[PDB]
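Okay, protein31.pdb now, which holds PDB, C-alpha atoms (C1' of nucleotides) and all ligand atoms:
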```
ATOM      1  CA  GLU A   2      -6.855  26.122  53.772  1.00  0.00           C
ATOM      2  CA  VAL A   3      -9.774  28.544  53.955  1.00  0.00           C
ATOM      3  CA  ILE A   4     -11.100  30.507  56.929  1.00  0.00           C
ATOM      4  CA  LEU A   5     -14.692  29.535  57.672  1.00  0.00           C
ATOM      5  CA  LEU A   6     -17.598  31.949  58.078  1.00  0.00           C
ATOM      6  CA  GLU A   7     -20.582  29.685  58.898  1.00  0.00           C
ATOM      7  CA  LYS A   8     -21.440  27.173  61.616  1.00  0.00           C
ATOM      8  CA  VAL A   9     -24.437  25.328  60.106  1.00  0.00           C
ATOM      9  CA  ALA A  10     -22.233  22.653  58.509  1.00  0.00           C
ATOM     10  CA  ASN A  11     -21.732  19.103  59.776  1.00  0.00           C
ATOM     11  CA  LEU A  12     -17.958  19.396  60.323  1.00  0.00           C
ATOM     12  CA  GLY A  13     -17.559  23.175  60.271  1.00  0.00           C
ATOM     13  CA  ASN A  14     -16.147  25.442  62.960  1.00  0.00           C
ATOM     14  CA  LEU A  15     -16.210  29.126  63.890  1.00  0.00           C
ATOM     15  CA  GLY A  16     -12.815  30.299  62.640  1.00  0.00           C
ATOM     16  CA  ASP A  17     -10.635  27.195  62.721  1.00  0.00           C
ATOM     17  CA  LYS A  18      -8.515  26.413  59.675  1.00  0.00           C
ATOM     18  CA  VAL A  19      -9.697  23.197  58.021  1.00  0.00           C
ATOM     19  CA  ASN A  20      -7.995  21.004  55.417  1.00  0.00           C
ATOM     20  CA  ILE A  21     -10.776  20.222  52.972  1.00  0.00           C
ATOM     21  CA  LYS A  22     -10.685  19.008  49.369  1.00  0.00           C
ATOM     22  CA  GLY A  23     -10.024  21.400  46.522  1.00  0.00           C
ATOM     23  CA  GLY A  24     -13.338  20.583  44.882  1.00  0.00           C
ATOM     24  CA  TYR A  25     -15.357  21.158  48.049  1.00  0.00           C
ATOM     25  CA  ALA A  26     -13.886  24.638  48.548  1.00  0.00           C
ATOM     26  CA  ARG A  27     -13.778  25.823  44.921  1.00  0.00           C
ATOM     27  CA  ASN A  28     -17.309  24.818  43.980  1.00  0.00           C
ATOM     28  CA  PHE A  29     -19.540  25.111  47.038  1.00  0.00           C
ATOM     29  CA  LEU A  30     -18.321  27.260  49.939  1.00  0.00           C
ATOM     30  CA  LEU A  31     -16.546  30.167  48.235  1.00  0.00           C
ATOM     31  CA  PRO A  32     -19.017  31.177  45.431  1.00  0.00           C
ATOM     32  CA  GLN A  33     -21.792  31.573  48.032  1.00  0.00           C
ATOM     33  CA  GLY A  34     -19.753  33.566  50.548  1.00  0.00           C
ATOM     34  CA  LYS A  35     -19.337  31.054  53.369  1.00  0.00           C
ATOM     35  CA  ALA A  36     -15.517  30.956  53.481  1.00  0.00           C
ATOM     36  CA  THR A  37     -12.390  32.975  52.724  1.00  0.00           C
ATOM     37  CA  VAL A  38      -8.926  31.774  51.681  1.00  0.00           C
ATOM     38  CA  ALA A  39      -6.313  32.348  54.379  1.00  0.00           C
ATOM     39  CA  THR A  40      -3.394  34.512  53.256  1.00  0.00           C
ATOM     40  CA  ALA A  41      -0.967  37.022  54.767  1.00  0.00           C
ATOM     41  CA  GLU A  42      -2.120  39.990  52.652  1.00  0.00           C
ATOM     42  CA  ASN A  43      -5.158  41.487  54.443  1.00  0.00           C
ATOM     43  CA  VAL A  44      -4.527  40.078  57.938  1.00  0.00           C
ATOM     44  CA  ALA A  45      -5.112  43.493  59.561  1.00  0.00           C
ATOM     45  CA  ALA A  46      -8.717  43.518  58.289  1.00  0.00           C
ATOM     46  CA  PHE A  47      -9.832  40.150  59.694  1.00  0.00           C
ATOM     47  CA  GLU A  48      -8.585  40.935  63.213  1.00  0.00           C
ATOM     48  CA  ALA A  49     -10.571  44.193  63.344  1.00  0.00           C
ATOM     49  CA  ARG A  50     -13.869  42.505  62.379  1.00  0.00           C
ATOM     50  CA  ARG A  51     -13.682  39.889  65.153  1.00  0.00           C
ATOM     51  CA  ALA A  52     -16.149  41.923  67.225  1.00  0.00           C
ATOM     52  CA  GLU A  53     -18.551  41.923  64.259  1.00  0.00           C
ATOM     53  CA  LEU A  54     -18.380  38.120  63.961  1.00  0.00           C
ATOM     54  CA  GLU A  55     -20.155  37.453  67.271  1.00  0.00           C
ATOM     55  CA  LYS A  56     -23.018  39.799  66.344  1.00  0.00           C
ATOM     56  CA  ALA A  57     -23.592  38.045  63.006  1.00  0.00           C
ATOM     57  CA  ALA A  58     -23.908  34.677  64.779  1.00  0.00           C
ATOM     58  CA  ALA A  59     -26.694  35.984  67.055  1.00  0.00           C
ATOM     59  CA  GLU A  60     -28.943  36.843  64.076  1.00  0.00           C
ATOM     60  CA  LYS A  61     -28.960  33.727  61.877  1.00  0.00           C
ATOM     61  CA  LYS A  62     -29.855  31.409  64.767  1.00  0.00           C
ATOM     62  CA  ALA A  63     -32.360  33.936  66.150  1.00  0.00           C
ATOM     63  CA  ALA A  64     -34.375  34.083  62.914  1.00  0.00           C
ATOM     64  CA  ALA A  65     -34.985  30.315  63.044  1.00  0.00           C
ATOM     65  CA  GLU A  66     -37.160  30.689  66.157  1.00  0.00           C
ATOM     66  CA  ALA A  67     -39.682  32.787  64.195  1.00  0.00           C
ATOM     67  CA  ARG A  68     -39.417  30.493  61.145  1.00  0.00           C
ATOM     68  CA  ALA A  69     -40.147  26.927  62.309  1.00  0.00           C
ATOM     69  CA  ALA A  70     -43.487  27.996  63.836  1.00  0.00           C
ATOM     70  CA  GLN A  71     -45.043  28.387  60.362  1.00  0.00           C
ATOM     71  CA  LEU A  72     -43.482  25.408  58.545  1.00  0.00           C
ATOM     72  CA  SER A  73     -45.009  22.593  60.643  1.00  0.00           C
ATOM     73  CA  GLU A  74     -48.558  23.984  60.421  1.00  0.00           C
ATOM     74  CA  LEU A  75     -49.514  21.406  57.719  1.00  0.00           C
ATOM     75  CA  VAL A  76     -52.065  23.777  56.165  1.00  0.00           C
ATOM     76  CA  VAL A  77     -50.963  23.086  52.570  1.00  0.00           C
ATOM     77  CA  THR A  78     -53.956  21.992  50.474  1.00  0.00           C
ATOM     78  CA  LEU A  79     -53.087  20.133  47.271  1.00  0.00           C
TER      79      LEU A  79
ATOM     80  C1'   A B   1      26.731  -6.858 -62.500  1.00  0.00           C
ATOM     81  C1'   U B   2      20.221 -10.347 -57.613  1.00  0.00           C
ATOM     82  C1'   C B   3      19.666 -18.428 -62.138  1.00  0.00           C
ATOM     83  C1'   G B   4      18.789 -24.424 -61.210  1.00  0.00           C
ATOM     84  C1'   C B   5      20.891 -28.932 -58.975  1.00  0.00           C
ATOM     85  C1'   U B   6      23.865 -32.095 -55.622  1.00  0.00           C
ATOM     86  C1'   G B   7      27.163 -31.585 -51.729  1.00  0.00           C
ATOM     87  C1'   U B   8      29.710 -28.494 -47.754  1.00  0.00           C
ATOM     88  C1'   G B   9      29.081 -25.089 -43.761  1.00  0.00           C
ATOM     89  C1'   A B  10      27.117 -21.358 -36.577  1.00  0.00           C
ATOM     90  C1'   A B  11      24.228 -28.079 -38.519  1.00  0.00           C
ATOM     91  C1'   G B  12      17.546 -25.708 -44.312  1.00  0.00           C
ATOM     92  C1'   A B  13      22.898 -21.108 -49.690  1.00  0.00           C
ATOM     93  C1'   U B  14      21.010 -15.976 -55.553  1.00  0.00           C
ATOM     94  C1'   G B  15      26.933 -15.241 -53.550  1.00  0.00           C
ATOM     95  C1'   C B  16      31.628 -21.331 -51.354  1.00  0.00           C
ATOM     96  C1'   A B  17      33.010 -26.150 -54.321  1.00  0.00           C
ATOM     97  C1'   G B  18      31.840 -29.179 -58.642  1.00  0.00           C
ATOM     98  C1'   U B  19      28.681 -29.309 -62.878  1.00  0.00           C
ATOM     99  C1'   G B  20      24.311 -28.061 -66.077  1.00  0.00           C
ATOM    100  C1'   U B  21      21.442 -24.344 -68.414  1.00  0.00           C
ATOM    101  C1'   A B  22      20.318 -18.766 -70.100  1.00  0.00           C
ATOM    102  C1'   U B  23      20.459 -12.914 -76.327  1.00  0.00           C
ATOM    103  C1'   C B  24      19.421  -7.182 -73.703  1.00  0.00           C
ATOM    104  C1'   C B  25      14.554  -4.700 -71.659  1.00  0.00           C
ATOM    105  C1'   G B  26       9.089  -4.249 -70.445  1.00  0.00           C
ATOM    106  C1'   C B  27       3.755  -5.072 -69.428  1.00  0.00           C
ATOM    107  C1'   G B  28      -0.616  -7.839 -67.363  1.00  0.00           C
ATOM    108  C1'   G B  29      -1.451 -11.867 -63.918  1.00  0.00           C
ATOM    109  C1'   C B  30      -0.400 -15.830 -59.396  1.00  0.00           C
ATOM    110  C1'   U B  31       1.958 -15.933 -54.560  1.00  0.00           C
ATOM    111  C1'   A B  32       6.593 -21.297 -53.539  1.00  0.00           C
ATOM    112  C1'   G B  33      11.147 -18.415 -51.572  1.00  0.00           C
ATOM    113  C1'   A B  34      14.100 -14.193 -50.053  1.00  0.00           C
ATOM    114  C1'   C B  35      14.177 -17.960 -41.953  1.00  0.00           C
ATOM    115  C1'   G B  36       9.188 -11.541 -46.572  1.00  0.00           C
ATOM    116  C1'   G B  37       7.182  -6.248 -43.731  1.00  0.00           C
ATOM    117  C1'   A B  38       5.006  -4.452 -38.820  1.00  0.00           C
ATOM    118  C1'   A B  39       5.785  -4.958 -33.037  1.00  0.00           C
ATOM    119  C1'   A B  40      13.974  -4.810 -28.058  1.00  0.00           C
ATOM    120  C1'   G B  41       8.278 -12.515 -27.588  1.00  0.00           C
ATOM    121  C1'   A B  42       3.277 -12.219 -24.251  1.00  0.00           C
ATOM    122  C1'   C B  43       4.800 -18.936 -23.757  1.00  0.00           C
ATOM    123  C1'   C B  44       9.652 -20.554 -20.844  1.00  0.00           C
ATOM    124  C1'   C B  45      13.590 -19.469 -17.438  1.00  0.00           C
ATOM    125  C1'   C B  46      16.642 -15.689 -14.891  1.00  0.00           C
ATOM    126  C1'   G B  47      17.087 -10.665 -11.724  1.00  0.00           C
ATOM    127  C1'   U B  48      19.419 -11.179  -3.568  1.00  0.00           C
ATOM    128  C1'   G B  49      13.581  -6.765 -10.228  1.00  0.00           C
ATOM    129  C1'   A B  50       8.453  -3.826  -9.642  1.00  0.00           C
ATOM    130  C1'   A B  51       3.423  -3.782  -8.619  1.00  0.00           C
ATOM    131  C1'   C B  52      -1.565  -5.159  -6.640  1.00  0.00           C
ATOM    132  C1'   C B  53      -4.211  -9.086  -3.773  1.00  0.00           C
ATOM    133  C1'   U B  54      -4.457 -13.378   0.313  1.00  0.00           C
ATOM    134  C1'   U B  55      -3.782 -15.477   5.193  1.00  0.00           C
ATOM    135  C1'   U B  56      -3.071 -18.907  10.807  1.00  0.00           C
ATOM    136  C1'   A B  57       4.232 -15.328   7.431  1.00  0.00           C
ATOM    137  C1'   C B  58       6.919 -11.446  10.807  1.00  0.00           C
ATOM    138  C1'   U B  59       6.972  -6.547  12.778  1.00  0.00           C
ATOM    139  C1'   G B  60       3.700  -2.867  13.718  1.00  0.00           C
ATOM    140  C1'   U B  61      -0.518   0.509  13.614  1.00  0.00           C
ATOM    141  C1'   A B  62      -6.364   3.077  12.783  1.00  0.00           C
ATOM    142  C1'   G B  63     -10.462   1.799  15.427  1.00  0.00           C
ATOM    143  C1'   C B  64     -12.838  -0.535  19.729  1.00  0.00           C
ATOM    144  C1'   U B  65     -12.324  -1.862  24.839  1.00  0.00           C
ATOM    145  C1'   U B  66     -10.243  -2.747  30.667  1.00  0.00           C
ATOM    146  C1'   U B  67      -8.026  -0.333  34.705  1.00  0.00           C
ATOM    147  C1'   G B  68      -4.797   3.805  37.410  1.00  0.00           C
ATOM    148  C1'   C B  69      -4.136   9.628  37.877  1.00  0.00           C
ATOM    149  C1'   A B  70      -6.650  14.456  36.689  1.00  0.00           C
ATOM    150  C1'   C B  71     -11.446  17.471  35.912  1.00  0.00           C
ATOM    151  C1'   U B  72     -14.123  15.572  41.287  1.00  0.00           C
ATOM    152  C1'   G B  73     -17.777  16.957  45.969  1.00  0.00           C
ATOM    153  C1'   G B  74     -20.530  15.328  51.709  1.00  0.00           C
ATOM    154  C1'   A B  75     -23.751  12.206  54.327  1.00  0.00           C
ATOM    155  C1'   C B  76     -24.187   7.639  56.667  1.00  0.00           C
ATOM    156  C1'   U B  77     -22.622   2.671  56.150  1.00  0.00           C
ATOM    157  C1'   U B  78     -20.088  -2.814  55.374  1.00  0.00           C
ATOM    158  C1'   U B  79     -15.196  -4.417  55.724  1.00  0.00           C
ATOM    159  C1'   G B  80      -9.305  -4.749  55.692  1.00  0.00           C
TER     160        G B  80
HETATM  161 MG    MG A 101      21.046 -26.501 -50.009  1.00  0.00          MG
HETATM  162 MG    MG A 102      20.956 -12.871 -48.123  1.00  0.00          MG
HETATM  163 MG    MG A 103      13.870  -9.325 -25.737  1.00  0.00          MG
END
```
How does the structure come out when it is put into structure tokens?
Ligand SMILES: [Mg+2]
Ligand SMILES: [Mg+2]
Ligand SMILES: [Mg+2]
Amino acid sequence: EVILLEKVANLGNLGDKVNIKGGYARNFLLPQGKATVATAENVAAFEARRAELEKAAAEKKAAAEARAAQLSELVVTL
RNA sequence: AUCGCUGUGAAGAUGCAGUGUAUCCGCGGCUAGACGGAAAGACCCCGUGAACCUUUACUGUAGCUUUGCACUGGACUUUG
């Protein structure tokens, strides 16, 4: 149904069309901005931003390298 | 123009039949009768009458409750 935008799911893809439940798309993916409903209205806009999709995937996974080095420090004092 | 008796009679007679009694008209009393007056009997039966109650009469329903399909998702699992 929808066109995916994230790859940190457990059965997600890059841009493959998936047939998911109506409750899982209405409630969770779309109101956060992780998917987009496929339709034949603005198809000229998604094909032009395909070069911008590969640059957005090299930033979310690159920020995790400078993030996990401060979470496992175990310096929290209760 | 409103007496008694004994019989008759839609079967308990002031009015019929037979026979005895009795001048015309008040007032004060008493209630035996006029199946006295009041109330289309309430008892009793009837009407393919009417109500309100009862239950284990019949047909249903409020309410309560079981399970499908919606709202409604992922992650692993046992099993057909
Ligand atoms: Mg007589
Ligand atoms: Mg008379
Ligand atoms: Mg009567």
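Reported to one decimal place, the separation of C1' of residue 34 in chain B from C1' of residue 13 in chain B is 11.2 Å.
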Quick one: contact table of chain B to chain A, 10 Å max, nearest atom pair and distance in Å to one decimal per residue, counting all atoms listed in the file, chain and number order, as a tab-separated table?
```
residue	atom	partner	partner_atom	distance
B:71	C1'	A:24	CA	9.7
B:72	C1'	A:24	CA	6.2
B:73	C1'	A:25	CA	5.3
B:74	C1'	A:25	CA	8.6
B:75	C1'	A:11	CA	9.0
```
Open item on the list: How would you report the residues lying within 12 Å of ligand MG 103 (chain A), as a list in words, if you count all atoms listed in the file?
Closed with: residues 39, 40, 41 and 42 of chain B
Open item on the list: Env of range 30-37 of chain A: 12 Å cut, atoms = only C-alpha atoms (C1' of nucleotides), seq-sep filter 6 positions within chain, self excluded. Answer as a PyMOL selection string.
Closed with: (chain A and resi 2-10+13-19+21-24+43-44+47) or (chain B and resi 73)
- [ ] Record the distance separating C1' of residue 1 in chain B and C1' of residue 26 in chain B, expressed in Å with one decimal.
- [x]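 The value is 19.5 Å.
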